[PDB]
Amino acid sequence: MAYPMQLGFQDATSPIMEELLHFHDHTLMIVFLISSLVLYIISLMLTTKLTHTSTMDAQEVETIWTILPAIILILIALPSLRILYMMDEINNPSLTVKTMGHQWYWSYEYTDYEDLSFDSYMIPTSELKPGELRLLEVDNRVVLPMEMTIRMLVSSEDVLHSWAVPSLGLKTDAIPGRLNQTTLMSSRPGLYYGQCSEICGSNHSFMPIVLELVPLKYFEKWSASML
Amino acid sequence: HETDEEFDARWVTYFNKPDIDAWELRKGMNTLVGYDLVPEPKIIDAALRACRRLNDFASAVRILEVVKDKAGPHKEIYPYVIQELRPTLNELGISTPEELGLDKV
Amino acid sequence: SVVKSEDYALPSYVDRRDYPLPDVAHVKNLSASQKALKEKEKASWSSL
Amino acid sequence: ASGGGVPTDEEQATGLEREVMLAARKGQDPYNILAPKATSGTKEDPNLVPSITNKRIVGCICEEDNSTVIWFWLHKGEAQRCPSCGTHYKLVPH
Amino acid sequence: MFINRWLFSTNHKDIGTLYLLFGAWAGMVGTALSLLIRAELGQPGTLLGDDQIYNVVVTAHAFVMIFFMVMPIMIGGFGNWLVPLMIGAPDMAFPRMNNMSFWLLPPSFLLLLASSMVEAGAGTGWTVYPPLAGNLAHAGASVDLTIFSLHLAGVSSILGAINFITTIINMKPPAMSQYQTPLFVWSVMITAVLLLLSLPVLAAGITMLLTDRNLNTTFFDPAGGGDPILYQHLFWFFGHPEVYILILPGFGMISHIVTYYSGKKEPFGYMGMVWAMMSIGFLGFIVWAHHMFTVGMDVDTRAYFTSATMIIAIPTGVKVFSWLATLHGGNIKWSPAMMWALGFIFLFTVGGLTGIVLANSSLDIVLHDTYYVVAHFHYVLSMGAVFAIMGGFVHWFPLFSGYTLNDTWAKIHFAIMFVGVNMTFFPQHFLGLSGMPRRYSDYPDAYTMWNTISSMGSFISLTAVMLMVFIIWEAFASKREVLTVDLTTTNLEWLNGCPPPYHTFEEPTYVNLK
Amino acid sequence: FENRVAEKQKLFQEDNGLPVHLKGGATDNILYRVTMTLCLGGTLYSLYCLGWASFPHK
Amino acid sequence: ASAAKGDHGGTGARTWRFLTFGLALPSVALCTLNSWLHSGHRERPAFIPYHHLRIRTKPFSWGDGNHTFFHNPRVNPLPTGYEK
Amino acid sequence: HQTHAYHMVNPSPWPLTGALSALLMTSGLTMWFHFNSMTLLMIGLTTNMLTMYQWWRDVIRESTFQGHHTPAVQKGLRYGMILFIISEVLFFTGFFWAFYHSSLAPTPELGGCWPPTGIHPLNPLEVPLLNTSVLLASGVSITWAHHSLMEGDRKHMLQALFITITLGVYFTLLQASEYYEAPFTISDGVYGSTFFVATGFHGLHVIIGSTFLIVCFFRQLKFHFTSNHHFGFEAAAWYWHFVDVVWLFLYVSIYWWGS
Ligand SMILES: CCCCCCCCCCCCCCCCCC(=O)OCC(COC(=O)CCCCCCCCCCCCCCCCC)OC(=O)CCCCCCCCCCCCCCCCC
Ligand code: HEA
Ligand code: HEA
Ligand SMILES: CCCCCC/C=C\CCCCCCCCCC(=O)O[C@H](COC(=O)CCCCCCCCCCCCCCC)COP(=O)(O)OC[C@@H](O)CO
Ligand SMILES: CCCCCCCCCCO[C@@H]1O[C@H](CO)[C@@H](O[C@H]2O[C@H](CO)[C@@H](O)[C@H](O)[C@H]2O)[C@H](O)[C@H]1O
Ligand SMILES: C[C@H](CCC(=O)O)[C@H]1CC[C@H]2[C@@H]3[C@H](O)C[C@@H]4C[C@H](O)CC[C@]4(C)[C@H]3C[C@H](O)[C@]12C
Ligand SMILES: C[C@H](CCC(=O)O)[C@H]1CC[C@H]2[C@@H]3[C@H](O)C[C@@H]4C[C@H](O)CC[C@]4(C)[C@H]3C[C@H](O)[C@]12C
Ligand SMILES: C[C@H](CCC(=O)O)[C@H]1CC[C@H]2[C@@H]3[C@H](O)C[C@@H]4C[C@H](O)CC[C@]4(C)[C@H]3C[C@H](O)[C@]12C
Ligand code: CUA
Ligand SMILES: [O-][O-]
Ligand SMILES: [Cu+2]
Ligand SMILES: [Mg+2]
Ligand code: NA
Ligand code: NA
Ligand SMILES: [Zn+2]
């Protein structure tokens, strides 16, 4: 989850999120460099009483400031597209889980073997247990086996929603009549939080997502007990 | 393409034209100060003598001011140019902006 | 001296360090003594 | 059955349209439809600028393909010069 | 006479004045809506109500700022005032149709206001996506009033686009080619082409939404074989060209302002500036699905839209470096308009660069629908489009009115606004990177510090807006009349005096061919 | 039919100061007044309807 | 293509009238014949209350709310089937 | 007095009455959809027609009767009409995009096929083919009308323009009968939605274009057009060719390919 005064991304929970962090560091360095260079040149242009107001020939310098930005874009696009296709690569999941968006809560279905499904609602602020997080806890978490490739399928039974978990680098729109696929792999046990990410009406702010990542044997016994 | 010496000689020739008129004097000076340079003394000499032929003392003083202005923070250029121009200034009776108090704010 | 709204289409005076010799004189009308001064300017400036 | 019955512009054009049509036939351009062609622009051979009043705005494209146009009022009287290239213009009021 | 002049106008300057007054009034509405947003978010908890009242405010904020403030001011206001003067034309091509483009806008705004007064308002986002905007989740008249508001705004701009394109192609002096027209005129022409092509596609899409809501069509309803994602394609096919429509006249004004207060006769690299605006206009039609990277799109499509979007940095960079090259060697005048334009160059660049971050579809998965997007587009809109509007307003107010502003007050105003907008939006990068979603009326506690700072910033900008009104009042109250304006030889719009007569260029300029 | 464009040209070029939308004669004024009355009265009525629709009606 | 016709020299009204009466209107006449031969009602199919058809998410703003604007009782069933 | 050739238009109330008619039509559609009343809509439609009538009346007064349409003004109107047609092309492009989106990827609710299960399309070789021959023929007859006008031939201009209009009316009557006879409706899922909204906007433009041709017909009867100056006729012919080409795209896409 986010922590107070956080500046950057949540710590990576999946390998793909770690790739995004390194790619963001690379790109932000370029953003900082170009922003600062423009600010500096502005200040340079503005700090001399020397003048030159006759016509200036443009042809030569426009090669530089077309070619250099093209090279920079290529230096961004290459790692960007590598992560894109790596994100997309075949992986073979062990488990498929569906989530259906609703106004205003998520339901989950684990129907590879038995018919397991339940609803997952925000815990109201007045009912939080001590130390629990306002607007983020749910009554029934999405328990999942850690260190395993999971196929998540996302849809909606009413308006658009969007199923997001920032620390796993996940955001997949929930569209009625459509079944969107994404894959999820947590390197670590724990609790990983997200929030509905497409405006969906009166309680858009209040239908969060909580994944609970545990060893397979715990997940199996939990699954059986939820039938 | 044009050497510095060729550029300077074109400008000397321009101002040296015996019957240069007032419009051409102004056109010349207002064009010249657009360039990335302080004009050589020999150019300013010719412009000052054009002022003399046009009976225009004030524009001669103004030309000296714009030499100082074109040097920007390079405070050494203007005293050098005035030094080089002192024989002309004395010959033509041109007082410097400093001698006239016109450097005061 | 006095600039008028209805003069907007006429050459005008400006103080601009990059336009050192403006299109008109600052003062167009001369008194008797100023006329005599412009005559004296036709002689050696060392005598001013 | 090739017949007639459609008026021509010569018969039925009116107002400003008719003025433009009749002047073009005389080779005249009182409504400024054509670009004027420059003279050499010397003081001896200034560009002659027609006007129905005593001043007109000139735009001077100093050199072919300049994208910058130099604009100034041209007044009745002695020829004036473009402030950028010096080419001469003289007002011809009528 | 008053009705004849101001309700029956066929005059490009008076109609431009009408647009500027309309856009200034809309800007107050949009500012109030922005302060309600930031009041709701200025401390954790609920201030106003749940997300419905909150997102009616958010939705109206965006429509007001875009359709009733920026486009009327830039295109209807500066475009009508300046374009005919900059080409020496006696008016617009269709001067009476021009007046209808203006008078469609108060009814369009009334329809938006009606949408928010009836039922529970249209709490949809300015994108108006179904099914949230459909007749089950937004039953009643509000969304239909919003659709009709957009229809009228769209007709207004399409007819205005026809007018500007025709005027600029057909009514220049016969010797003036398109490569001798000023960059602001170019910027308006290209904006008008984008409007002409994009708004009919929006109109098609919102009409389909109207029939799904009222005639039992199912364009966007899977029960009938429709698709909500089809709406998104049609909307964003308009909506990306639209943000270039919002910035291009700004680019044109910035070119004029930077040239003027650098003491230059011309912008650096004129044909490169024309090339860059045309290239941006063209590339702006082939990138729209970067608004849709999370909807479930194939990987190769994501790769294409990532790359096509990033290419726009190349012509945009030519413009930024050409502005800097225009400053280079200038006799710099530190006028208030110049301050607006310098702030523009820097802050627009920051916002453009965060747009390039978002163009990367892999990073956009995590950043989409978060405040990182909000930060990107408020740097290009609140510190880009608006900085260009303020710069042009301060620069050309003496032309339009014949009176001068107080420059010290105008510099004070710039300083306050600059602190305010940066305090508002810079922390929203942190909120986006750390996962705060868009269109939320409240946030998990961790996000409190940057939301508190952001809201405090929005109040500083309010103080700047109030001071702006006083500054305009002071100018009209004191009546300092303009005398001389420098650089008229390269700024034709000033050459008829301040204000110009009702009819200008009754005798056209003389421009020969050689 | 005969060609009577010439007489319409005389009518609409008469030097009477009228704007083109009133220059045909008294019928122009009537049609104008009808148009503008319907537009302004209709606009007031639309505002009444907004007033009505802005409140719940059980 | 040059089509299969072929008559210029200085285009004109006479040629376009030739085309109007010699090609365009004869083609309309042929298509008018073809259509009058193949008109005559077709058997209306069994009614099946498919959920992607006869959509009603809001009553129509005319009639009883349940009839489309150009409702044809012979061939347009209601959500409940053909009318009596 | 001006010495350029452009038209300074008299101050006019029709922009305002047109804008208010737009307010009344849209608030009127809202009132009809949600408050069971046609009152505001009928007022808006009425003031819209009055506005269009007096505005285009005035344009005729300004040109035929007052001579303000110099060649420069006419050239501007040419650009204006071309740009207007371009905007209308893009408007139809949005409906063709909706049609191809839904038909190339038919969803499970449809049966996963196009045409959807339960849809029985019209036979494109019957009335749709006839309608195609009718609009194509009218493109030939309007070209004859144009050439007769340029050649100064009043009678054959009128004959050809009358035949063009008759064919426009024929298309509209045929399309109206096909709408009534169609066994599917606008509420029959995305098939009926795309079919009727796209051909419906097309039919509206046929009616608009036919009305424009009829305006030209009566101005021609009154001798307004010269053999060289008749932009209203040219504009109506361009718009008519636009209506014909949109029909050919509809025919190939929706009636034939989508059957
Ligand atoms: C650019 C707009 C103008 C500036 C507006 C306000 C200026 C404020 C400074 C701001 C002056 C610029 C410095 C920016 C970086 C500061 C925060 C940071 O360390 O960023 C880190 C990253 C994530 O990194 C991490 O995950 C590691 C975390 C490390 C923690 C170390 C502790 C830091 C102490 C707390 C810092 C508090 C931040 C202050 C909060 C500030 C509240 C306003 O976050 C981000 O990417 C934020 C992404 C921003 C993207 C827009 C870039 C615009 C650059 C313009 C600069 C031009 C020249 C500068 C000089 C610019 C001078 C004009
Ligand atoms: C003025 C309006 C404006 C402008 C000009 C832009 C310009 C750009 N925008 Fe922005 N954008 C918006 C307004 C604007 N945007 C709005 C309103 C939204 C949200 C809509 C909504 O959802 O409500 C949005 C959303 C948006 C998204 C979707 C994000 C998401 O929803 O998840 C993306 C993604 O690619 C994007 C990218 C860009 C890019 C690449 C540019 C480029 O044009 C920027 C190019 C400029 C530069 C790059 C800076 C100058 C260049 C240099 C100094 C050269 C050197 C630089 C490099 C080599 C990189 N924008
Ligand atoms: C031009 C566009 C524009 C502008 C200028 C602004 C200005 C501001 N916006 Fe806006 N905003 C949007 C367009 C704009 N916004 C859009 C499109 C959205 C997304 C909507 C959606 O999600 O559906 C949005 C969303 C948005 C949000 C996110 C809401 C959410 O996700 O829940 C927030 C929150 O802080 C915000 C705040 C502000 C603030 C504090 C300002 C302040 O900077 C405003 C300060 C005041 C001004 C900038 C002056 C305005 C007036 C004038 C310029 C008139 C001048 C008069 C003369 C020249 C005579 N905006
Ligand atoms: C939900 C329902 C919403 C309904 C909203 C309706 C909104 C608007 C109400 C419209 C009222 C229209 C009244 C008639 C307007 C005629 C305009 C016209 O004909 O304008 C002409 C120019 O536009 C030209 O040519 C070419 C352009 C002609 C445009 C004609 C009008 C089109 C209006 C609709 C446009 C929609 C575009 C849609 C594309 C998606 C003439 O220009 P003027 O400046 O007048 O004269 C100049 C003089 O020199 C003439 O002698
Ligand atoms: C410019 C923005 C405009 C936004 C437009 C929004 C839509 C407006 C249409 C609403 O019009 C109202 O509808 C009511 C319902 O039809 C009418 O009351 C009618 O019905 C009431 C409820 O049954 C009864 O109390 C009355 O007898 C009867 O007048 C009422 O008079 C009418 O004005
Ligand atoms: C040829 C054309 C116009 C030149 C003129 O007639 O004045 C110029 C104007 C802008 C130029 C382009 C811009 O300067 C940007 C690019 C600069 C690179 O150095 C070459 C390609 C590049 C894409 C240029 C190609 C070409 O020289 C352009 C397109
Ligand atoms: C986004 C749009 C589909 C819109 C729709 O679903 O209605 C589709 C239609 C045609 C597609 C394009 C064409 O298939 C051609 C290209 C195919 C490449 O694999 C991706 C880019 C590429 C340029 C495509 C991008 C995108 O998927 C397009 C533009
Ligand atoms: C009255 C007029 C004669 C030409 C003139 O006025 O000088 C004639 C010539 C062309 C005739 C029209 C055209 O021949 C086309 C139509 C033919 C139909 O049989 C009658 C109406 C129809 C529309 C004719 C009516 C009328 O007889 C017209 C208009
Ligand atoms: Cu569910 Cu937002
Ligand atoms: O839209 O960026
Ligand atoms: Cu975009
Ligand atoms: Mg989203
Ligand atoms: Na809150
Ligand atoms: Na013709
Ligand atoms: Zn010149």
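Letters A, B, ... mirror the listed sequences (proteins, then strands); counts begin at 1. Only heavy atoms go into these numbers, but all of them, side chains included; no hydrogens, no water, no symmetry mates.
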Problem set entry | Side-chain donor-acceptor pair present, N47(D), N512(E), cut-off under 3.5 Å | yes
Exercise. Are any non-hydrogen side-chain atoms of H230(H) and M150(H) less than 4.5 angstrom apart?
Worked result: yes
Exercise. Checking side-chain contact (heavy atoms from CB on, under 4.5 Å) for the pair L18(E)/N80(E): CA distance, chi angles, key distance, verdict?
Worked result: CA-CA 10 Å; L18(E) 289 174; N80(E) 272 310; over 6 Å; no
For this session: Would you check, one step at a time, whether the test salt bridge (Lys or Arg N to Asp or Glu O under 4.0 Å) holds for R18(D) with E10(D)?
Result: CA-CA 8 Å; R18(D) 188 180 194 77; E10(D) 166 56 38; 3.3 Å; yes
Exercise. Could you go step by step and tell me if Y79(H) and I162(E) meet the side-chain contact (heavy atoms from CB on, under 4.5 Å) rule?
Worked result: CA-CA 8 Å; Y79(H) 290 122; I162(E) 293 168; over 6 Å; no
Exercise. Who passes side chain to side chain donor-acceptor pair (under 3.5 Å) against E507(E), sequence neighbours left out?
Worked result: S51(D)
For this session: Any pair with a residue in residues 90-103 of chain E that passes salt bridge (charged side-chain N to carboxylate O under 4.0 Å, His left out), sequence neighbours left out, goes on the list, sorted by first then second residue, please.
Result: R96(E)-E62(H)
Exercise. More than 12 non-hydrogen atoms from neighbouring residues, nucleotides or ligands closer than 6.0 Å to CZ on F231(H), yes or no?
Worked result: yes
Problem set entry | Other residues, nucleotides, ligands: >12 heavy atoms within 6.0 Å of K514(E) NZ | yes
For this session: Answer yes or no: are there more than 12 heavy-atom neighbours, outside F218(H) itself, under 6.0 Å from its atom CZ?
Result: no
Problem set entry | Selection residues 173-186 of chain E - residue pairs positive for side-chain hydrogen bond (donor to acceptor under 3.5 Å, both in side chains), sequence neighbours left out | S177(E)-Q180(E), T181(E)-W186(E), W186(E)-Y270(E)
Exercise. Yes or no on side-chain contact (heavy atoms from CB on, under 4.5 Å) for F164(E) and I169(E), after CA distance, side-chain angles and deciding distance?
Worked result: CA-CA 8 Å; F164(E) 275 114; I169(E) 280 136; over 6 Å; no
Exercise. Are a donor atom and an acceptor atom from the side chains of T164(H) and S141(H) found within less than 3.5 Å of each other?
Worked result: yes
Problem set entry | Distance-only donor-acceptor check, side chains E11(D) and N3(F), under 3.5 Å | no
Exercise. When rounded to the nearest 0.5 angstrom, what distance separates OH in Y239(H) from CD1 in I85(H)?
Worked result: 8.0 Å
Exercise. Just checking, is any N or O donor in the side chain of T504(E) or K13(E) under 3.5 Å from an acceptor N or O on the other one?
Worked result: yes
Exercise. If we only count heavy atoms from C-beta on, is the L7(E) to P13(H) side-chain gap below 4.5 Å?
Worked result: no
For this session: Using atom types as modelled and distance alone, determine if a side-chain donor or acceptor of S138(H) lies under 3.5 Å from a backbone N or O of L135(H).
Result: yes
Problem set entry | Between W81(E) and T17(E), a side-chain donor and acceptor under 3.5 Å | yes
For this session: Verify whether one side chain among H229(H) and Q74(H) offers a donor that lies under 3.5 Å from an acceptor in the other.
Result: yes
Problem set entry | Flag for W144(H)-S148(H): side-chain donor and acceptor within less than 3.5 Å | yes
Exercise. Is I245(E) close to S198(E) at the side-chain level, that is, under 4.5 Å between some pair of heavy atoms?
Worked result: yes
Problem set entry | Test side-chain contact (heavy atoms from CB on, under 4.5 Å) applied to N48(H) - qualifying residues, sequence neighbours left out | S21(H), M25(H), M52(H)
For this session: Determine the sole option in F171(H), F242(H), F249(H) for which the ring-ring contact (aromatic ring centres under 6.0 Å, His included) test with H202(H) is passed.
Result: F171(H)
Seminar exercise, completed: Residue set satisfying side-chain contact (heavy atoms from CB on, under 4.5 Å) with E64(D), at least two apart, ordered chain then number -> none
For this session: Kindly give the heavy-atom pair with the smallest separation between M277(E) and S187(E), and that separation in Å.
Result: SD-CB, 3.6 Å
Exercise. Can you list every pair that meets salt bridge (charged side-chain N to carboxylate O under 4.0 Å, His left out) and has a residue in residues 144-167 of chain H, with sequence neighbours left out?
Worked result: none
Seminar exercise, completed: For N98(E) and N163(E), the nearest pair of non-hydrogen atoms, with its separation, is N-ND2, 3.4 Å
